[PDB]
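Throughout, residue positions are numbered sequentially from 1 according to the sequence presented. Note that these values count all heavy atoms, side chains included, but never hydrogens, waters or copies made by symmetry. In each ligand, atom 1 is the first atom listed, and ligand 1 is the first ligand listed.
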Amino acid sequence: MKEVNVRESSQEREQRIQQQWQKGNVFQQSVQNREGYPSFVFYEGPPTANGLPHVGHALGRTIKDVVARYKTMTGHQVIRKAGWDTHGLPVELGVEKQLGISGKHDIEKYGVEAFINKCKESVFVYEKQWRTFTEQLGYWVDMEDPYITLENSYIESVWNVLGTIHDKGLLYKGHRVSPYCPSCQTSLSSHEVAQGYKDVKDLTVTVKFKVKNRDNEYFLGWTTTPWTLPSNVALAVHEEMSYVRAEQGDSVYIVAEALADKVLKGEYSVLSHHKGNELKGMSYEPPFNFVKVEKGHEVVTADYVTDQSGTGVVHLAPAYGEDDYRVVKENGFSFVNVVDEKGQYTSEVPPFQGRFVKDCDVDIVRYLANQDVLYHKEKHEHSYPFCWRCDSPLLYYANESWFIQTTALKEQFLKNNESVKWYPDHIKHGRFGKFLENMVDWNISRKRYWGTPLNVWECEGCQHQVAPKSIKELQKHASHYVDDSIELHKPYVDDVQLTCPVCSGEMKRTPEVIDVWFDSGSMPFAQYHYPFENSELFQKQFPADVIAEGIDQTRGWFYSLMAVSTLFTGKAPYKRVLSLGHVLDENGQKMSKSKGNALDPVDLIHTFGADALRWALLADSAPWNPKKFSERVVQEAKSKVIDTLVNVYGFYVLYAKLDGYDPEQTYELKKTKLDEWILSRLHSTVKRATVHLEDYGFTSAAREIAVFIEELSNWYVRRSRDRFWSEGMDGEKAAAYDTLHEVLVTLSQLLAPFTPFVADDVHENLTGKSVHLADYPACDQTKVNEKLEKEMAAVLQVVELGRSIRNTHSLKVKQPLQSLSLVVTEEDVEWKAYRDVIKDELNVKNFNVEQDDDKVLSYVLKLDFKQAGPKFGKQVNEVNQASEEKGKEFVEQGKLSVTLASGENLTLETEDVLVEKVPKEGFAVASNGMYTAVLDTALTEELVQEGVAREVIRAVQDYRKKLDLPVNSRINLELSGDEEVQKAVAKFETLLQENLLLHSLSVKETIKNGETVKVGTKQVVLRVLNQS
Ligand SMILES: C/C(=C\C(=O)OCCCCCCCCC(=O)O)C[C@@H]1OC[C@H](C[C@@H]2O[C@H]2[C@@H](C)[C@H](C)O)[C@@H](O)[C@H]1O
Ligand SMILES: [Zn+2]
Ligand SMILES: [Zn+2]
């Protein structure tokens, strides 16, 4: 065993262990040694090296590493794989911001290829910081062998999945309506929309839609957006609502019965009543007829039509509203869109072509009035959403896009989710399950340059679609040569055309790339270039036994993994999900870039060590409970767990080497109750931490281990130091070494998944072998002694009571007191087996176990005027409750009743008496639960003297340490002090001789070149010197 510097910094210890791991090839050995054992599989959600790692990564990688180490130690082979998610809109946006250009014209003016190369360059800028973070956190993985989503082989596997999906007919071109900025040409989120409202005055109109082949009858439709009127496709009514034919002069208007008084201006006669279902299929004339709608201009019924707004008859334009889109499609009516991506009318609306639609509202209302189809108009004051980024007005707009018809497999999604164990449980049928229940199809295409190209080619002749699954298929179908080296990115693949298998015309690739969530959801198949290679490795690494990422992946990676795998294989790609809460600052605010309140994990590792950071990320709350993180939280883990272990470990190594202890020898062993207690607690801890870890309960396993470490240091080691300091090697000393040796070996194994650096420092020094090649320890049931555990815990309650009495009266522990006395009802605990440990801990001369109070307390008895409500003889209970007083009170305490005689009669008291235990002169009392402790706080000259001598001893031990003297050396000591110090030292000379290693001790009047130290509040000069 090498010596231990308990003051060695964490950074130095962890770098030393890291060097052992490289020298011993320990990570790779930990995997090879499990060749043949069952496989345990985990997937990491691939991060990106265009940003620095943050404490969110540190939380998730600590949890994955704990699981991997634990499953390795319990008999599994755990292959570790990392990857980089390199496509993704932020990459492209960062290059646009760096170059100062945007939009298709400027990027192509710049050169697509050159633009693509900047994106490539931007994604690994922080690779070196990622390597340092990964290594220093102790997250074992080969960073020379990542998968990378921009590599051809990765992309080729993604194309293979997409082509398989296309084969099933599940990949289609469609439209989806969303809030949309016509200036930025992008769809905004609800949160983005909520940020940008603004108040406006515009026009709403009630429009006449003439009924075909009737005399002067019209549906009336109300709208807030006149510019959608040239694109009318249908009128919707509610099946069950009541409608009237209302006559006004020469015309008849059809509106809802309940809205007619509001919507019609002036009086009307009701000609007839109709349910909306009777209006279904009625043909009408639209207000404009230049846009072609092949199927439409009829009334349809739809449940969302209400009696609370408009006329009850709703104009539908399917490209400018989500309900409009759905209802038109439900009825098999034509989809039309007469507005371009800039919010401008196309050539399909000739009189307004090229103008921004909202700018045309006034001109359309003038046209309606000029054409006699405007029934009513009014000024409208309301709030309208604008673009935070340019305050252009927003629009409801349908872009054309590619979709995967995931809804076609909704039932398989739900079945696969049912097979997953979620942590916490409620995510399964809550956040995640409800997202599945409300599934819409996956909008897969993106109109940008950097990303996985969507591998769909369309014939310019007949629009037939071919989707190459591979480079070989691309080359086979291409109408020209395609080199083996073709890069699967834009623009290279846009220059490849195929021969249409239907008509032999030219096929051109659709221009879009795919959603980055599809790349990362494809990682179970693409990470190993499946099915082109590695089919055995893939099958062994599918599905994952566990993943662990933030709960924000509910609609992200958790969903894209499930969706890609369900589409491709039908199967769930993971068996369990550990969800993580986003880390908070000490104020409970989420850590974010903009606020500057994040704590860098590499900073925290440098200050406190990775063991302490990992512990702080695992302890005191579950992974899915957001942590209020601070440096103080890491410091507490370092002090309570890391440093405490290191100090116990260094104590063992120091004394084992001094005494030449060797676990290989057989010694005569007399084990004490303390030895048996800590070995029992150790195996109880093994048992309980294992159960928790089997269920992924790191928090409770951490808690169990921390309690053990505290008991080990604060009770077992503290109350056994005398056996280690002893001269010789009797049976009780050998038992101490034997016991603490086993404790440290087993505890370092237990800790190995949590705190892998210090665990291996302890284990390798004691055993010569890396802890990370060990098996997780087994509980030895024969060393579990629940009776001893329950006994020692009662002993600890009494120690706590004694200490609290001392603290209450400011009586230092070094100051001996005459006695502690304990009064117990039950003969529950064998107190004589722990008397010496109790007297040592509490520094009392006598420990008395009492069944009674008599010698210790007197009882004062009052009547309880609150409970003695009935008894009207309060003058009698006053005199009856006012030597003989001591005898009568002790009598009523034990018997729990009382019989006092009034002025003539006798009454029977019970629970109507308030009792006061008054400590006798010089005693102080405290109680909890079953136990009452009474401390004799009376100091005497001789007790005070002995305390002074105990403080001299401790001052000498401290000074020897400050001089860095070995603990086994004998010294010549000079001491100078006041007359009380001189006299205490002479009187307790043999106590000093027995507790200090001394060649001589000279009390001198004055000392040359001594050092002044504190003995209590006294100043004493000490000198250590040489003498022949
Ligand atoms: C718990 C989380 C963040 C957190 O706790 O963040 C707290 C710290 C944020 C502070 C940022 C500011 C740092 C710099 C500064 O000071 O300015 C969320 C998790 O993040 C980690 C992982 C990210 C992977 O990419 C996701 C993959 C799965 C997907 C395919 O893309 C993932 O598990 C994610 O769910
Ligand atoms: Zn905008
Ligand atoms: Zn064709």
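Each protein N/O/S atom under 2.8 Å from the Zn ion (ligand 3) was counted, for a total of 4. Within the protein, the number of N/O/S atoms found under 2.8 Å from the Zn ion (ligand 2) is 4.
Taking CZ of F538 as the start and CD of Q527 as the end, the distance is 9.0 Å to the nearest 0.5 Å.
Of the possible polar contacts, one joining the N152 side chain to the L488 backbone as a donor-acceptor pair under 3.5 Å is found. Remark: side-chain polar atoms of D494 are not paired, donor with acceptor, to backbone N or O of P511 under 3.5 angstrom. A donor-acceptor pair is defined here as one N or O able to donate and one able to accept, closer than 3.5 Å; no such pair exists between the side chain of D515 and the backbone of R446. Under the 3.5 Å distance criterion, the side-chain polar atoms of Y154 are matched with a main-chain donor or acceptor of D519. At distances below 3.5 Å, not a single donor-acceptor pair connects side-chain atoms of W130 with backbone N or O atoms of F124.
At a threshold of 4.0 Å, the pair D145-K81 counts as salt-bridged, since one of the basic side-chain nitrogens sits closer than that to a carboxylate oxygen. One finds no salt bridge joining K595 and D585 here, because no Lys/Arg side-chain nitrogen approaches an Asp/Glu carboxylate oxygen to under 4.0 Å.
In terms of heavy-atom proximity, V78 sits nearest to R80 at O-NH1, 3.0 Å.
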Can you give each donor-acceptor pair under 3.5 Å made by side-chain atoms of residues 600-610, sequence neighbours left out, with the distance rounded to 0.1 Å?
| from | atom 1 | to | atom 2 | distance (Å) |
| --- | --- | --- | --- | --- |
| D600 | OD1 | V602 | N | 2.8 |
| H606 | NE2 | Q136 | OE1 | 3.1 |
| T607 | OG1 | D603 | O | 3.2 |

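Checked against the 6.0 Å centroid criterion, the rings of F432 and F558 do not qualify as a close aromatic pair.
Contact of the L137 side chain with the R614 side chain is registered, since non-hydrogen atoms from C-beta on lie closer than 4.5 Å.
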Extract all N/O-N/O pairs under 3.5 Å that connect ligand 1 to the protein, and present each with both atom names and the distance rounded to 0.1 Å.
| from | atom 1 | to | atom 2 | distance (Å) |
| --- | --- | --- | --- | --- |
| ligand 1 | 5 (O) | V583 | N | 2.9 |
| ligand 1 | 33 (O) | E549 | OE1 | 2.6 |
| ligand 1 | 33 (O) | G550 | N | 3.3 |
| ligand 1 | 35 (O) | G550 | N | 2.9 |
| ligand 1 | 35 (O) | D552 | OD1 | 2.7 |
| ligand 1 | 35 (O) | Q553 | NE2 | 3.4 |

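Here the options are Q463, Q465, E458, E400, the test is side-chain hydrogen bond (donor to acceptor under 3.5 Å, both in side chains), and the partner is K173; only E458 passes.
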